[PDB]
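Below is one structure, written out as structure tokens, with a few remarks after it.
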2 protein chains.
Amino acid sequence: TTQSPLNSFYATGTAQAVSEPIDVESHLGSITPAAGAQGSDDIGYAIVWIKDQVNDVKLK
Amino acid sequence: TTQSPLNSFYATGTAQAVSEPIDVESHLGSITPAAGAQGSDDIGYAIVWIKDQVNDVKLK
Ligand SMILES: [Ca+2]
């Protein structure tokens, strides 16, 4: 009568990667010496947000 | 779908040197001897303002 191939069974899921691993927002400052002067000053900072299940980051 | 180069992260600051290292203002006087005379006298002074993060100055 009917001979089934016994293959018509399926299960399906989805995957996505919609975000980059890091986000960088800058809060740097300024360097204001006189002409030819020597000095040092703190510039500011830069926030590096870490995204989903990211544990170690290697940057350049 | 989309292959990111992972380069579009930036942080920016500014620098400026808007002033010369020194300012010189003069308060000198006068030399008033007779014709052919020998003497000595104090002339005056000259103020040398020092600008931002300047520590050592070499002048001519
Ligand atoms: Ca200095």
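Numbering starts fresh at 1 for the residues of each chain in the structure tokens, the chains themselves are lettered A, B, ... in the order given, and ligands are numbered from 1 as they appear.
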Could you list, with a cut-off of 9 Å and counting only C-alpha atoms and all ligand atoms, the residues of chain A near ligand 1, each shown with its nearest atom pair and the distance in Å rounded to one decimal, rows sorted by chain and ascending number, as a Markdown table?
| residue | atom | partner | partner_atom_place_in_ligand_line | distance |
| --- | --- | --- | --- | --- |
| A:33 | CA | ligand 1 | 1 (Ca) | 8.4 |
| A:34 | CA | ligand 1 | 1 (Ca) | 8.8 |
| A:36 | CA | ligand 1 | 1 (Ca) | 8.9 |
| A:37 | CA | ligand 1 | 1 (Ca) | 5.2 |
| A:38 | CA | ligand 1 | 1 (Ca) | 4.1 |
| A:39 | CA | ligand 1 | 1 (Ca) | 4.9 |
| A:40 | CA | ligand 1 | 1 (Ca) | 8.5 |
Output C-alpha atoms of each residue in that selection to a file, as an mmCIF file, in the first residue's frame.
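Generated file (part.cif):
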data_model
loop_
_atom_site.group_PDB
_atom_site.id
_atom_site.type_symbol
_atom_site.label_atom_id
_atom_site.label_comp_id
_atom_site.auth_asym_id
_atom_site.auth_seq_id
_atom_site.Cartn_x
_atom_site.Cartn_y
_atom_site.Cartn_z
ATOM 1 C CA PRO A 33 50.871 73.568 26.891
ATOM 2 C CA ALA A 34 52.870 76.638 25.917
ATOM 3 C CA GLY A 36 57.890 74.273 23.252
ATOM 4 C CA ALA A 37 57.016 73.321 26.829
ATOM 5 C CA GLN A 38 57.463 69.930 28.500
ATOM 6 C CA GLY A 39 54.753 68.415 30.647
ATOM 7 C CA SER A 40 52.219 65.686 31.273
#
**Prompt:** Which chain B residues are at most 12 Å from chain A (counting only C-alpha atoms), as a ChimeraX atom specification?
**Reply:** /B:1-23,50-58
Next, the residues of the selection above should be written as a short mmCIF file (atom, residue, chain, number, x, y, z; two decimals), in the first residue's frame with N, CA, C and O atoms.
data_model
loop_
_atom_site.label_atom_id
_atom_site.label_comp_id
_atom_site.auth_asym_id
_atom_site.auth_seq_id
_atom_site.Cartn_x
_atom_site.Cartn_y
_atom_site.Cartn_z
N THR B 1 25.75 37.23 5.79
CA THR B 1 24.92 38.43 5.82
C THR B 1 25.78 39.69 5.82
O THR B 1 25.94 40.34 4.78
N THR B 2 26.33 40.04 6.98
CA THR B 2 27.19 41.20 7.12
C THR B 2 28.47 40.79 7.83
O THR B 2 28.43 40.17 8.89
N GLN B 3 29.61 41.14 7.23
CA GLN B 3 30.92 40.83 7.79
C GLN B 3 31.58 42.14 8.22
O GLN B 3 32.05 42.91 7.37
N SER B 4 31.60 42.39 9.52
CA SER B 4 32.15 43.63 10.05
C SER B 4 33.67 43.61 9.99
O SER B 4 34.29 42.59 10.30
N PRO B 5 34.30 44.72 9.59
CA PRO B 5 35.76 44.82 9.70
C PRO B 5 36.25 45.08 11.12
O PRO B 5 37.46 44.97 11.37
N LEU B 6 35.35 45.43 12.04
CA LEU B 6 35.68 45.65 13.45
C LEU B 6 36.70 46.78 13.61
O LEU B 6 37.61 46.70 14.43
N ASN B 7 36.53 47.85 12.83
CA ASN B 7 37.40 49.01 12.89
C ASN B 7 36.69 50.30 13.27
O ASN B 7 37.37 51.27 13.64
N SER B 8 35.36 50.35 13.20
CA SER B 8 34.62 51.61 13.36
C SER B 8 34.44 51.97 14.84
O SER B 8 33.33 52.12 15.34
N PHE B 9 35.56 52.11 15.53
CA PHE B 9 35.59 52.61 16.90
C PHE B 9 36.66 53.68 17.00
O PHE B 9 37.81 53.45 16.60
N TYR B 10 36.30 54.84 17.54
CA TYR B 10 37.20 55.98 17.57
C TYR B 10 37.03 56.75 18.87
O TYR B 10 35.96 56.76 19.48
N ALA B 11 38.11 57.40 19.29
CA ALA B 11 38.11 58.34 20.41
C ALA B 11 39.03 59.50 20.06
O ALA B 11 40.14 59.28 19.56
N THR B 12 38.57 60.72 20.32
CA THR B 12 39.24 61.91 19.81
C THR B 12 39.45 62.92 20.92
O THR B 12 38.59 63.13 21.78
N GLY B 13 40.62 63.57 20.89
CA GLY B 13 40.93 64.68 21.76
C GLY B 13 41.55 65.81 20.96
O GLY B 13 41.76 65.69 19.75
N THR B 14 41.83 66.91 21.65
CA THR B 14 42.36 68.11 21.01
C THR B 14 43.61 68.59 21.73
O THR B 14 43.82 68.31 22.92
N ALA B 15 44.44 69.32 21.00
CA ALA B 15 45.65 69.94 21.54
C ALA B 15 45.78 71.35 20.98
O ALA B 15 45.31 71.64 19.87
N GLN B 16 46.42 72.23 21.75
CA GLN B 16 46.66 73.59 21.30
C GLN B 16 47.89 74.16 21.99
O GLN B 16 48.24 73.76 23.10
N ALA B 17 48.56 75.09 21.30
CA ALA B 17 49.64 75.90 21.85
C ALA B 17 49.40 77.33 21.38
O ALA B 17 49.88 77.73 20.32
N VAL B 18 48.65 78.10 22.17
CA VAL B 18 48.19 79.41 21.73
C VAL B 18 49.02 80.56 22.29
O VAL B 18 48.77 81.72 21.93
N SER B 19 50.00 80.29 23.15
CA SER B 19 50.79 81.34 23.76
C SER B 19 52.27 81.04 23.59
O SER B 19 52.69 79.88 23.58
N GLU B 20 53.06 82.10 23.44
CA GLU B 20 54.50 81.97 23.43
C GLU B 20 55.00 81.68 24.85
O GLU B 20 54.34 82.04 25.83
N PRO B 21 56.15 81.03 24.99
CA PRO B 21 56.59 80.61 26.33
C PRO B 21 56.79 81.75 27.32
O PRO B 21 56.55 81.56 28.52
N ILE B 22 57.23 82.93 26.87
CA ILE B 22 57.52 84.04 27.77
C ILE B 22 56.88 85.32 27.27
O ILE B 22 56.57 85.47 26.08
N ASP B 23 56.68 86.25 28.20
CA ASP B 23 56.30 87.63 27.90
C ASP B 23 57.28 88.56 28.59
O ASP B 23 57.64 88.35 29.75
N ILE B 50 56.32 83.83 32.95
CA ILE B 50 56.49 82.44 32.54
C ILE B 50 55.12 81.82 32.34
O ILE B 50 54.23 81.99 33.19
N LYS B 51 54.94 81.11 31.23
CA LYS B 51 53.64 80.62 30.81
C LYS B 51 53.41 79.18 31.28
O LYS B 51 54.15 78.65 32.11
N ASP B 52 52.37 78.56 30.75
CA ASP B 52 51.89 77.27 31.26
C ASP B 52 52.95 76.19 31.14
O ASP B 52 53.56 76.01 30.08
N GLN B 53 53.14 75.45 32.24
CA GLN B 53 54.08 74.33 32.36
C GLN B 53 55.40 74.60 31.63
O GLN B 53 55.90 73.78 30.87
N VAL B 54 55.96 75.78 31.89
CA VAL B 54 57.32 76.12 31.50
C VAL B 54 58.16 76.16 32.77
O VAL B 54 57.80 76.85 33.73
N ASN B 55 59.27 75.43 32.77
CA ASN B 55 60.08 75.28 33.97
C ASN B 55 61.49 75.84 33.82
O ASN B 55 62.02 76.40 34.78
N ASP B 56 62.10 75.71 32.65
CA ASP B 56 63.44 76.21 32.40
C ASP B 56 63.45 76.98 31.08
O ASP B 56 62.86 76.54 30.09
N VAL B 57 64.13 78.13 31.08
CA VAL B 57 64.18 79.01 29.92
C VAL B 57 65.63 79.33 29.61
O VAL B 57 66.42 79.63 30.51
N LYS B 58 65.98 79.26 28.32
CA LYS B 58 67.29 79.67 27.83
C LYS B 58 67.10 80.83 26.86
O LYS B 58 66.49 80.65 25.80
#
**Asked** Just asking: which residues within chain A are strand (DSSP E or B) according to DSSP, as a ChimeraX atom specification?
**Response** /A:22-27,30-31,45-50
With N, CA, C and O atoms kept, could you save the residues just selected as a CSV table (one decimal), in the first residue's frame?
chain,number,residue,atom,x,y,z
A,22,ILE,N,32.0,44.7,21.2
A,22,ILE,CA,32.3,45.8,22.0
A,22,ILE,C,31.6,47.1,21.5
A,22,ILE,O,31.3,47.2,20.3
A,23,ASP,N,31.4,48.0,22.4
A,23,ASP,CA,31.0,49.4,22.1
A,23,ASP,C,32.0,50.3,22.8
A,23,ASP,O,32.3,50.1,24.0
A,24,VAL,N,32.5,51.4,22.1
A,24,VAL,CA,33.4,52.3,22.6
A,24,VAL,C,32.9,53.7,22.5
A,24,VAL,O,32.5,54.2,21.4
A,25,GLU,N,32.8,54.4,23.7
A,25,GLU,CA,32.4,55.8,23.8
A,25,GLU,C,33.5,56.6,24.4
A,25,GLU,O,34.1,56.1,25.4
A,26,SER,N,33.8,57.8,23.9
A,26,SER,CA,35.0,58.5,24.3
A,26,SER,C,34.6,59.7,25.1
A,26,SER,O,33.6,60.4,24.8
A,27,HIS,N,35.5,60.0,26.1
A,27,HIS,CA,35.4,61.2,27.0
A,27,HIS,C,36.8,61.8,27.2
A,27,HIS,O,37.2,62.1,28.3
A,30,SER,N,41.9,67.5,26.5
A,30,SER,CA,42.8,68.3,25.7
A,30,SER,C,44.1,68.5,26.3
A,30,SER,O,44.3,68.4,27.5
A,31,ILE,N,45.1,68.8,25.5
A,31,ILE,CA,46.5,69.1,25.9
A,31,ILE,C,46.8,70.5,25.5
A,31,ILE,O,46.7,70.9,24.3
A,45,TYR,N,39.1,59.4,29.6
A,45,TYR,CA,38.8,57.9,29.6
A,45,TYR,C,38.0,57.6,28.4
A,45,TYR,O,37.5,58.4,27.6
A,46,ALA,N,37.9,56.2,28.2
A,46,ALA,CA,37.1,55.7,27.1
A,46,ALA,C,36.4,54.4,27.7
A,46,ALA,O,37.0,53.5,28.1
A,47,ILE,N,35.0,54.4,27.6
A,47,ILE,CA,34.2,53.3,28.1
A,47,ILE,C,34.1,52.3,27.1
A,47,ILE,O,33.8,52.5,25.9
A,48,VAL,N,34.4,51.0,27.5
A,48,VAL,CA,34.3,49.9,26.6
A,48,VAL,C,33.3,48.9,27.1
A,48,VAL,O,33.6,48.1,28.0
A,49,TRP,N,32.1,49.0,26.6
A,49,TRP,CA,31.0,48.1,27.0
A,49,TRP,C,31.2,46.7,26.4
A,49,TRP,O,31.7,46.5,25.3
A,50,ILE,N,30.9,45.7,27.2
A,50,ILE,CA,31.1,44.3,26.8
A,50,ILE,C,29.8,43.7,26.6
A,50,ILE,O,28.8,43.8,27.4
